[PDB]
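Have a look at the structure below before the remarks.
Each residue takes its place number in the sequence, starting with 1. Computed over heavy atoms, backbone and side chain alike; hydrogens, waters and symmetry mates excluded.
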Amino acid sequence: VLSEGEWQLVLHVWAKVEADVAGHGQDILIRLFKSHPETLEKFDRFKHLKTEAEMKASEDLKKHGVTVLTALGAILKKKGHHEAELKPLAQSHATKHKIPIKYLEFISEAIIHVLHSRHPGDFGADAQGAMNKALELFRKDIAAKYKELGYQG
Ligand code: HEM
């Protein structure tokens, strides 16, 4: 459970992210796809994208970045009370998209890398520690629902 002090650190950086959701989404998804190429193969709509420059130029990729960060922000702002938000997401990513829990660890590390690049002063070690904890909670609740449905991992 995150303390109230840790939630403040998370949401304080997230307000910055919300200044430019689209730029953030894009960096995060390009980072994910470059670091872990096997993740790009889950997206039929992005599989044709071969270079970083092509990724940077795709308007549809930038659109999906916004989609992702908007659903994440809606969860983070629940400060743990995110049951109604998390449960449709787990259901679809387990049963429809077929995303292993491991890829959610990957995209968490991408989110932390980009936050660190764009917001030093607001993302020191204490903030980075609270953001990790939040993402771990997110991943742990998703994994419980995966397990239920018979996909755990
Ligand atoms: C920070 C974690 C993530 C969030 C909040 C999230 C959120 C979303 C949302 C809200 C949608 C659209 C509605 C739906 O179909 O459920 C979606 C679709 C999708 N997500 Fe995620 N997702 C995340 C991580 C991942 C990862 C890591 C992968 C793949 C490596 C992934 C693959 C997909 C796919 C394949 C689609 C459908 C794309 C299409 O429209 O063709 N998601 N995700």
Side-chain angles (χ1 to χ4, degrees), residues 1-2 6-7 9-11 13-14 16-18 20-119 123 127-153:
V1 276
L2 278 80
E6 284 163 333
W7 278 116
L9 285 168
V10 170
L11 288 176
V13 310
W14 200 257
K16 314 303 193 151
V17 167
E18 287 190 334
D20 184 14
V21 188
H24 283 85
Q26 185 178 236
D27 289 3
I28 286 156
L29 291 188
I30 288 176
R31 175 46 119 118
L32 179 63
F33 296 157
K34 288 247 317 249
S35 293
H36 304 283
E38 72 271 32
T39 63
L40 186 54
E41 215 56 36
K42 288 295 173 176
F43 300 87
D44 280 328
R45 69 204 301 116
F46 302 133
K47 287 209 219 208
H48 64 283
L49 293 171
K50 290 271 198 164
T51 67
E52 174 166 19
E54 286 165 1
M55 281 179 199
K56 278 177 191 262
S58 175
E59 190 69 8
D60 194 48
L61 184 39
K62 181 196 245 189
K63 197 126 76 109
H64 196 63
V66 174
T67 294
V68 170
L69 291 193
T70 291
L72 188 59
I75 294 156
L76 289 180
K77 284 166 196 194
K78 297 312 194 120
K79 299 163 65 183
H81 303 83
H82 49 228
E83 292 76 40
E85 292 71 17
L86 196 127
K87 165 191 183 166
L89 208 63
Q91 278 166 173
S92 73
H93 285 67
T95 75
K96 226 238 251 59
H97 308 322
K98 312 289 205 287
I99 303 322
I101 292 302
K102 185 80 199 180
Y103 288 5
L104 301 172
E105 182 186 3
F106 293 158
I107 199 169
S108 300
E109 312 309 295
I111 298 177
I112 287 161
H113 188 68
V114 170
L115 288 197
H116 185 64
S117 296
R118 293 187 148 229
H119 317 276
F123 206 65
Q128 182 183 349
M131 183 61 72
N132 189 56
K133 282 202 211 193
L135 293 182
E136 284 190 301
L137 176 62
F138 166 74
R139 215 203 271 111
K140 153 174 131 70
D141 283 354
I142 281 298
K145 275 38 106 196
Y146 268 48
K147 182 166 183 301
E148 183 180 334
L149 284 165
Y151 291 77
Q152 173 70 311

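Considering all non-hydrogen atoms of both residues, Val13 and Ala127 come closest at CG1-CB, 4.4 Å. Closest approach of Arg31 and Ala110 over heavy atoms only: CG-CB, 3.9 Å. Heavy-atom minimum distance, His48 versus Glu54: O-OE1, 4.1 Å. The nearest pair of heavy atoms linking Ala134 to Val10 is CB-CG2, 4.2 Å.
No side-chain heavy atom of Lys63 sits under 4.5 Å from any side-chain heavy atom of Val66. Between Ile101 and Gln152, some side-chain heavy-atom pair lies under the 4.5 Å cut-off. Between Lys78 and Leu86 there is no side-chain heavy-atom pair separated by less than 4.5 Å. Residues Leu11 and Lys79 meet the side-chain proximity criterion, which asks for heavy atoms closer than 4.5 Å. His82 is not listed as a side-chain neighbour of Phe138, based on a closest heavy-atom distance of 4.5 Å or more. Within the 4.5 Å cutoff, the side chain of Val68 has heavy atoms near those of the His64 side chain. Inter-residue side-chain proximity for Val21 and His24 is flagged as unmet; no heavy-atom pair is nearer than 4.5 Å. Counting heavy atoms from C-beta outward, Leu9 and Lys133 have side chains that stay 4.5 Å or more apart.
Under a 4.0 Å N-O distance rule, the pair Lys102/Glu105 qualifies as a salt bridge.
Relative ring orientation between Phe33 and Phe43 is described as perpendicular, the plane-to-plane angle rising above 60° on a 0-90° scale split at 30° and 60°.
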Derivation of the side chain to side chain contact (heavy atoms under 4.5 Å, CB included) call for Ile112 and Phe123: CA-CA 9 Å; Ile112 287 161; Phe123 206 65; 4.0 Å; yes

Full working for side chain to side chain contact (heavy atoms under 4.5 Å, CB included) between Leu72 and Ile111: CA-CA 11 Å; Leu72 188 59; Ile111 298 177; 3.7 Å; yes

Candidate pair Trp7 and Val1, rule side chain to side chain contact (heavy atoms under 4.5 Å, CB included), full reasoning: CA-CA 10 Å; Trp7 278 116; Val1 276; over 6 Å; no

Worked check of side chain to side chain contact (heavy atoms under 4.5 Å, CB included) between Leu89 and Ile75: CA-CA 11 Å; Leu89 208 63; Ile75 294 156; 3.7 Å; yes

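With hydrogens and angles disregarded, no donor-acceptor distance shorter than 3.5 Å links the side chain of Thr95 to the backbone of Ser92. Judged by distance alone, the side chain of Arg118 and the main-chain N or O of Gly23 form a donor-acceptor pair under 3.5 Å. Looking at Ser117, its side chain does come within 3.5 Å of a backbone N or O of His113 through a donor-acceptor pair. Under the 3.5 Å distance criterion, the side-chain polar atoms of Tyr146 are matched with a main-chain donor or acceptor of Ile99.
Between the CD1 atom of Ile30 and the CD atom of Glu52 there is a distance of 5.5 Å, given to the nearest 0.5 Å. Interatomic distance, CH2 of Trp14 versus CG of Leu115, reported as 6.5 Å (0.5 Å rounding). Between atom NZ of residue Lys56 and atom OG1 of residue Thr51 there is a gap of 10.5 Å, rounded to the nearest 0.5 Å. The CD1 atom of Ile142 sits 15.5 Å away from atom NZ of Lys147, with the distance rounded to the nearest 0.5 Å. For the atom pair CG of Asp20 and CG of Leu69, the computed distance is 10.0 Å after rounding to the nearest 0.5 Å.
Counting non-hydrogen atoms of neighbouring residues, nucleotides and ligands closer than 6.0 angstrom, the NZ atom of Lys42 exceeds 12 such neighbours. Within a 6.0 Å sphere centred on NE2 of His116, heavy atoms belonging to other residues, nucleotides or ligands number 12 at most. No more than 12 heavy atoms of other residues, nucleotides or ligands shown are found within 6.0 angstrom of NZ on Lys50.
For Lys98, there are no salt bridge (charged side-chain N to carboxylate O under 4.0 Å, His left out) partners at least two apart in sequence or on another chain.
Of the candidates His97, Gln91, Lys96, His97 is the only one forming a side chain to side chain contact (heavy atoms under 4.5 Å, CB included) with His93.
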